[PDB]
Number of protein chains: 2
Amino acid sequence: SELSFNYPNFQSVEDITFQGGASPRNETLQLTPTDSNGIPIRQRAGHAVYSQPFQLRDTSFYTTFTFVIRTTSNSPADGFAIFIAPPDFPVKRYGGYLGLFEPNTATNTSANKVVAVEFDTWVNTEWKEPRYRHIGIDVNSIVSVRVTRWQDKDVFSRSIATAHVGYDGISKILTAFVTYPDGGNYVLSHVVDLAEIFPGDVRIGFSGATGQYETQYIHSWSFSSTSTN
Amino acid sequence: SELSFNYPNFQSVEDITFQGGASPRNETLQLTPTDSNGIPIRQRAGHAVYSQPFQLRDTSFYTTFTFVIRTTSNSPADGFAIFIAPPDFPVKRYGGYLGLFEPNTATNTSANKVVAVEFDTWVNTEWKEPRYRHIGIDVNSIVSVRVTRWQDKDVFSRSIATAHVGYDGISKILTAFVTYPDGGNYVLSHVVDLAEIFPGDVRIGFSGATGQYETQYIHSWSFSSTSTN
Ligand SMILES: CC(=O)N[C@@H]1[C@@H](O)[C@@H](O)[C@@H](CO)O[C@@H]1O
Ligand SMILES: CC(=O)N[C@@H]1[C@@H](O)[C@@H](O)[C@@H](CO)O[C@H]1O
Ligand SMILES: [Ca+2]
Ligand SMILES: [Ca+2]
Ligand SMILES: [Ca+2]
Ligand SMILES: [Ca+2]
């Protein structure tokens, strides 16, 4: 279906739903909470989602957002993701599950209905993933289907970074481009039929989780979808 | 192989190779020439290409540029493309061939070695293309393999638009995202093994052609390529 929205900053959160530990702070979406001294709270997850559902049948889409990861140590955890899921999709487990999965079913593709691009600051040995920080595409599992190294220089830059995520509904390809100013650029593409996974309604949004020594902030976000008929 | 470059504008055109009717103008790359009255010169093609060749084996890349199409009537032609080809690729035919193909072989995939994302302002009936203006991915042929409608409101906007083109060397997928400020967004992705098409060196750059009543300008451009080992 056709849907467009645009938040050049989050001085407005008019259409945004906040769940779990996520909140509007400093004209951004703050995905996980901080205490009254500004310290990241461990073992929390939160979602900030566009409130209105849409459909993916015969649809392409483009979305872009800017974000900052603020770390207070060289061992931050756990990262955040942009995700698509059904509209009743709740905030799930904190830690390495990134608020997107339940421990009992995290790697079971038949038990999950969620597609995400993840920015993973913490190397987990509880399931298969790279030995370094990484950006990944996730289809129904915490074990990414396509993954690439995320350079520490970019991770710790404190820069406002940009992501572009698009879906070509004809070729059934999900793509992410991630860029840092005067820094690294990242490209991941993966063939996945989103309409098959999601034959009804979906909502798009962000999920972050701790972990430790890390807060994740979205600073802007826009989106457009169009019919491929 | 690994190559990066960055032109925040074209105050300098050092390491750009120009051919045909393309030249440096007012801190831009002007793809096709204008006459002493400022009027687009009909039936001209030009290339502006980065000078340093690179290799595609086990390589991913990201490129972005901004551009303007200047039309002087409601019947502009022909458009421009970003393209990859061997480094001795010459300027080819003007008009709907976009500077990229010769008439006798333009639709014969075995007779060409060029891949492009094209911005096509002129619907040609001399071969198969859509009945409206369109953005396309071309693989060895002027008949695009993937095409999407390009809205006339964007075409004629006179805005500074942005393109992002990426290649995922693991999945072998070329993707374009094109964006207009308060305008349309476009997404195309296609599977193509660029290292198989181009076993040796290649350059990346632009090709524009007239046509009539149109000049194409590139205002900024950056590129990075990284190994997939
Ligand atoms: C499985 C799991 O969530 N593991 C988490 C890991 O993701 C990270 O948050 C870590 C920081 O001390 O704490 C746990 O080990
Ligand atoms: C095959 C070919 O190039 N056809 C051109 C067309 O692309 C456009 O330039 C037009 C402008 O009037 O003239 C036609 O002759
Ligand atoms: Ca991961
Ligand atoms: Ca992890
Ligand atoms: Ca065309
Ligand atoms: Ca044409």
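Basis for what follows: all heavy atoms, side chains included, without hydrogens, waters or symmetry-related copies. The sequence lines fix the lettering, A, B, ..., with proteins before strands; numbering per chain opens at 1. Counting convention: from 1, in listed order, for ligands and their atoms alike.
- Ring centroids of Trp221(A) and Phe5(A) are separated by less than 6.0 Å, placing the two rings close together.
- Side chains of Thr66(A) and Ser220(A): a donor-acceptor N/O pair is present below 3.5 angstrom, by distance only.
- Side chain to side chain, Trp150(B) and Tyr180(B) meet the donor-acceptor criterion of an N or O pair below 3.5 Å.
- In the model, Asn26(B) has no side-chain atom that pairs as donor or acceptor with a side-chain atom of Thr28(B) under 3.5 Å.
- Across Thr210(B) and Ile41(B), no two heavy atoms sit closer than the pair OG1-O, 2.6 Å.
- Excluding waters, the set of protein N/O/S atoms under 3.0 Å from the Ca ion (ligand 6) reads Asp120(B) OD1, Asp120(B) OD2, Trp122(B) O, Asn124(B) OD1, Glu129(B) OE2.
- Within 6.0 Å of the CG atom in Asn229(A), the count of heavy atoms belonging to other residues, nucleotides or ligands exceeds 12.
- Between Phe80(B) and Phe67(B), the distance separating the two ring centers is shorter than 6.0 angstrom.
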Anything under 3.5 Å between an N or O on ligand 2 and a protein N or O? List each pair with its distance, or write none.
{"residue": "ligand 2", "atom": "3 (O)", "partner": "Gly96(B)", "partner atom": "N", "Å": "2.9"}
{"residue": "ligand 2", "atom": "4 (N)", "partner": "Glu126(B)", "partner atom": "OE2", "Å": "3.0"}
{"residue": "ligand 2", "atom": "7 (O)", "partner": "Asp78(B)", "partner atom": "OD1", "Å": "2.7"}
{"residue": "ligand 2", "atom": "7 (O)", "partner": "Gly96(B)", "partner atom": "N", "Å": "2.9"}
{"residue": "ligand 2", "atom": "7 (O)", "partner": "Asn124(B)", "partner atom": "ND2", "Å": "2.8"}
{"residue": "ligand 2", "atom": "9 (O)", "partner": "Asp78(B)", "partner atom": "OD1", "Å": "3.4"}
{"residue": "ligand 2", "atom": "9 (O)", "partner": "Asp78(B)", "partner atom": "OD2", "Å": "2.6"}
{"residue": "ligand 2", "atom": "12 (O)", "partner": "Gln212(B)", "partner atom": "OE1", "Å": "2.9"}

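- Just one of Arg44(B), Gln216(B), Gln43(B) meets the side chain to side chain donor-acceptor pair (under 3.5 Å) condition when paired with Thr32(B); it is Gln216(B).
- Counting just the N/O/S atoms of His134(B), the one with the shortest distance to the Ca ion (ligand 5) is named NE2.
- Closest N/O/S atom of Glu118(B) to the Ca ion (ligand 5): OE2.
- Residues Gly166(B) and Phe177(A) come closest through the heavy atom pair N-CZ, 3.3 Å.
- A cation-pi geometry, defined here as NZ or CZ lying under 6.0 Å from the six-membered ring centre and within 45° of its normal, does not hold between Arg203(A) and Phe89(A).
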